[PDB]
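All remarks here apply to the structure that follows.
Letters go in sequence order (proteins before strands), and every chain restarts at 1.
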Amino acid sequence: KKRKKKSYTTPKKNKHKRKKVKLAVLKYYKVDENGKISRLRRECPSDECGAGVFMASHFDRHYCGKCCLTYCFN
Amino acid sequence: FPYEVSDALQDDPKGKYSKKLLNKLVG
Amino acid sequence: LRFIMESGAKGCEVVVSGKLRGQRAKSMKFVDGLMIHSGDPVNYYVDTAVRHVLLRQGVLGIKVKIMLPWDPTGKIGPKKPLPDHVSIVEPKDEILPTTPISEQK
RNA sequence: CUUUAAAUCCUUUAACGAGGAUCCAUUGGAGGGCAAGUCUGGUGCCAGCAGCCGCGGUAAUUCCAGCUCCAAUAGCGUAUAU
RNA sequence: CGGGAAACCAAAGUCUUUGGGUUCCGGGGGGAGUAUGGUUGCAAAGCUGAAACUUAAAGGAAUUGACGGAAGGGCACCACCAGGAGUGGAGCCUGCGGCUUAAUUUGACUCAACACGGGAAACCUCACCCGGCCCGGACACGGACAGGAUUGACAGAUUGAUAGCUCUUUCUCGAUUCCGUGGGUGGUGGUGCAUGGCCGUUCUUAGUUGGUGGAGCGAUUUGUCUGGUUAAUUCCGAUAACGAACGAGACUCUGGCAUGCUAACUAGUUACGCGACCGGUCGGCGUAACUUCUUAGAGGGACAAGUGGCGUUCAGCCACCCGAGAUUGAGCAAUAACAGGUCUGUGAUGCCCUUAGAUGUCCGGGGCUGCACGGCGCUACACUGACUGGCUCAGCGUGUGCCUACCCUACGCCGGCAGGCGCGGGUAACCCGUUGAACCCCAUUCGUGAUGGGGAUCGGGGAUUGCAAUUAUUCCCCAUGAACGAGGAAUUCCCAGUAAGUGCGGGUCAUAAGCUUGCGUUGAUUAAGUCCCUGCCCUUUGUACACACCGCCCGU
């Protein structure tokens, strides 16, 4: 049969753009005049979550995606 | 008796190399 | 073929098919002795093997077919009756004494 | 010196003159006829070879070249007449 | 005798062992017996008669094969005759009659393409056509960061059911590169004219080949045949052939045949223990004798201790008088061949590509479906046919968890039912099951048969173990109405339980068969035929054919 014929469609369209960054610094809660973390925030008492991961605030969607679950208090 | 030229001739008795093989077989 | 004849088989045919000389393929076979091609007594009386040999030009196929003698394990000799093919077993005929008088002890 | 009207060229005597003895042999050909490679690269019924038969259409022993070989050899090929 | 290339010739012999006498005449094929000159003739034309140019052959005899709208024999329902069922017409499944948002033909010179690639693609089908998140570079060595940039059920601004493919938004495993020495990204992409292997076809026909010997200079021939005459190069026989080899046959499996299985809880049963009734529910413990059906499960014989006729009295053939059996159907299937098919079956392999939504993940929708029974499987204008008053039945073969959840299902309930729930049986003669493989009197019940031989099919208890059912597994079933007495231009059917009805299985199968492959109740007085078609085989014969008659070839 004939080939895919998917090369000449979708005109005047561009790919979804994801920002290129070097470090993951501002992704976390860093408003302490030094970028450090305090002990007032609670840690989840469950085993399915990594110890290193900490809660963060993003003015959109959420700091997540593999499980596609919003972790915000809402 | 040499068999290589005999086989080469028996594969095609009237091919491009028939004259040379037949001549080599004579002697 | 000479080995098979010296092995004791009463027939063998081998075929080498493919490219032996030139771009085109020749099927070249040698057969000697006897070889049945039909009927049931080609399973228990003929052994056939097909194999492939690679070459800078391609693949050569080797087909070897062998006849087997009458009695098992390569014709050891007559044994308990398990007939499988036609044979004329001719024993030594009886011989009479030439002398007019019979045996004396 | 000799030669010979004078010369030259041979011949003769010296001096120098050879190791890549660079003091470097060519002309045709390698399928058969007919001697000698269906080795390698390129070309792909093109360019060409081929007196004749034929080779070349993407592994060409036949073309274009490299190497190798062989025929004669200071000679060899070609055209024509015989 | 001898000669000759041989066919042939008692001359075509007495020829390299070449000389009896003499005349004419040829020197590769065409041009061409043409031009021109001469000559003859009333004329037609006759005699003599070139060259330029062109060409590697033209030709003779014989051999093998192929071909013949040549002859003589033989065979075949992939041929015909006699018929039956059939067919783009009076439904259903797909393979062309027509094609450019591809829509279908990738194998065809047929019958050796086309319901074939076991190819029924809602799985990702050869992707197919299309707003498809991909990298499937995770082969070690040109730049190589320490984020190639590797999600989203998501409120018109993120305009598809779990594709942030409109907008510097954007994240709970996350350091993971674009490549020079070798079929590497996926190895279904070529070349099946480079091949193997495996098939198909010539091949359903009976053909094929040495060795020694004979014939011929030789190719080659004889053997391998005049004939009778077999399904048959089968066998008698004849015989410069004799011996052999392959094929055919024999062989294997399979079919309305067994009074032995020192044989069986699945199948009845001699003497036990059951038992109304004119040696029984001992097949309801279990008859070590069983056996008859069943196990076609293991050991057997019987077309000639035969008859008549035809035939060379042989090989054989046609009918039948002590008598179960007097051509079951398949498998295997030779030499030589095809530029037959397959590189999209393959860890069976020769010769290759280089750089971004790579043929491999994502495609809601969808590929032949844009289709009118002159490619398989379908309608009998009728007592041979009806809905169980009739069945103690005639009868292939599958079925579950080892990778792997996805198998066959009995029985109850939801029920008067698709479909759903529940405990149960089954690794299988043990359960489905005594498999619902026709209803023979045929307890709605046929007179001039639009009307039981459709009911030219969409409404209804309610509609699926699987994302997608839109030309499709949905499902249990309901008044005459497009056909009317077997519907012809022409066709890869068919002769003893065959054709043709019907159905049931198996392969495909998460769902599924109007596909294919097997299985069931079915006959003969047959046509005991033929070579007129289409083909094949043998012999003779002709050939200027050998790329072999789809040939060669002639002329305008």
| query | Are E/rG189 and E/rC78 base-paired in the Watson-Crick or G-U wobble sense, both distances less than 3.5 Å? | reply | no
| query | Is any side-chain N or O of C/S17 closer than 4.0 Å to OP1 or OP2 of E/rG197? | reply | yes
| query | When the P atoms of E/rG309 and E/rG228 are considered, how many whole Å apart are they? | reply | 25 Å
| task | Under 4.0 Å between any heavy atoms, over every strand shown, what does A/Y71 touch: base, sugar-phosphate, or nothing? Just pick one. | result | base
| Quick one: is E/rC130 close enough that its OP1 or OP2 comes under 4.0 Å of any side-chain N or O from A/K4? | no
| task | Report yes or no: do E/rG98 and E/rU508 constitute a Watson-Crick or wobble pair with both atom distances shorter than 3.5 Å? | result | no
| request: Would you mind checking if C/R21 and B/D7 are paired as a salt bridge, meaning a charged N to carboxylate O distance below 4.0 Å? | output: yes
| Base, sugar-phosphate, or nothing for C/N43, non-hydrogen atoms under 4.0 angstrom? | nothing
| Checking all strands, does A/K12 fall into the base, sugar-phosphate, or nothing category for heavy-atom contacts under 4.0 angstrom? | nothing
| message | Counting the atoms with a prime plus P, OP1 and OP2 as sugar-phosphate, which does A/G65 contact under 4.0 Å by heavy atoms, base, sugar-phosphate, or nothing? | response | base
| message | Within the 4.0 Å heavy-atom criterion, would you say B/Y17 contacts the bases, only the backbone, or no part of the nucleic acid? | response | base
| message | Considering just the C1'-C2'-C3'-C4' torsion, please state whether D/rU22 has a north or south sugar. | response | south
| task | Would you mind telling me which residue lines up with the more 5' stretch of RNA chain E, A/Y8 or A/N14, judged by nearest nucleotide? | result | A/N14
| query | Backbone N or O of C/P69 within a donor-acceptor pair of the C/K75 side chain at under 3.5 Å? | reply | no
| said: Please pick, from E/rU169, E/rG196, D/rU38, the nucleotide with the shortest atom-to-atom distance to any side-chain atom of C/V59. | reply: E/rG196
| message | Using OP1 and OP2 only, check whether a side-chain N or O of A/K66 sits under 4.0 Å from E/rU150. | response | no
| Base, sugar-phosphate alone, or nothing: which one does B/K19 contact when heavy atoms must sit under 4.0 Å apart? | sugar-phosphate
| field | Among E/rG357, D/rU38, E/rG148, the nucleotide that comes nearest once only the side chain of A/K20 is considered | value | E/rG148
| task | Work out the sugar pucker of E/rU384 as north or south, treating a positive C1'-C2'-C3'-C4' as north. | result | south
| task | Identify, via the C1'-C2'-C3'-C4' dihedral, which side the sugar of E/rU177 sits on: north or south. | result | south
| task | Could you tell me whether A/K2 contacts a base, only the sugar-phosphate backbone, or nothing, with contacts defined as non-hydrogen atoms closer than 4.0 Å? | result | base
| said: Once you apply a heavy-atom cut-off of 4.0 Å, does A/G50 come out as touching a base, just sugar-phosphate, or nothing? | reply: nothing
| said: Could you check whether E/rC225 pairs with E/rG237 (Watson-Crick or G-U wobble, each of the two distances under 3.5 Å)? | reply: yes
| field | Phosphate-side-chain proximity, A/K1 and E/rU105, N/O vs OP1/OP2 below 4.0 Å | value | yes
| message | Classify C/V50 by what it touches in the nucleic acid, base, sugar-phosphate, or nothing, heavy-atom distance under 4.0 Å. | response | sugar-phosphate
| Pair present between E/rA330 and E/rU252, Watson-Crick or G-U, 3.5 Å cut-off | yes
| message | Counting the atoms with a prime plus P, OP1 and OP2 as sugar-phosphate, which does A/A56 contact under 4.0 Å by heavy atoms, base, sugar-phosphate, or nothing? | response | nothing
| note | Sign of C1'-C2'-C3'-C4' (positive north, negative south) puts the sugar of E/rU17 south
| task | Verify the contact: side-chain N or O of A/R61 to OP1 or OP2 of E/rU158, cut-off strictly under 4.0 Å; return yes or no. | result | no
| message | I'd like to know if E/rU172 pairs with E/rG284, where a pair means Watson-Crick or G-U wobble geometry with both distances below 3.5 Å. | response | no
| task | Answer yes or no: is there a side-chain heavy-atom contact under 4.5 Å between C/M67 and C/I36? | result | yes
| Is D/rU27 north-puckered or south-puckered, judged from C1'-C2'-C3'-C4'? | north
| request: For C/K29, answer base if it contacts any base atom (sugar-phosphate contacts may also be present), sugar-phosphate if it contacts only those atoms, and nothing otherwise; contact means non-hydrogen atoms under 4.0 Å. | output: sugar-phosphate
| said: Looking only at side-chain N and O atoms, does C/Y44 offer a donor or acceptor that is under 3.5 Å from a partner on C/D84? | reply: no
| Which part of the nucleic acid does A/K13 contact within heavy-atom distance under 4.0 Å: base, sugar-phosphate only, or nothing? | base
| said: Donor-acceptor check, side chain of A/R39 to backbone of A/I37, threshold 3.5 angstrom: yes or no? | reply: yes
| Watson-Crick or G-U wobble, both distances under 3.5 Å: is that what E/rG357 and E/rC251 have going on? | no
| said: Please confirm whether the shortest side-chain N or O distance from A/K5 to OP1 or OP2 of E/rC129 is below 4.0 Å. | reply: yes
| request: Enter syn or anti for the glycosidic conformation of D/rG19, syn applying to angles within 90° of 0. | output: syn
| message | If the cut-off is 4.0 Å, is C/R24 near the phosphate of E/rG350, judged by side-chain N/O to OP1 or OP2? | response | no
| Counting any heavy atom closer than 4.0 Å, what does B/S18 reach on the DNA or RNA strands: base, sugar-phosphate only, or nothing? | nothing
| Per C/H52 side chain, nearest of listed nucleotides E/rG196, E/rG131, E/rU169 | E/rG196
| note | Result for 5'-nearest mapping on RNA chain E, choosing between C/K63 and C/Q57, is C/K63
| query | How would you label the contact of C/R56 with the nucleic acid (heavy atoms, under 4.0 Å): base, sugar-phosphate, or nothing? | reply | sugar-phosphate
| request: List the atom of C/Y45, the atom of C/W70, and the distance in Å for their closest heavy-atom pair. | output: OH-CA, 3.4 Å
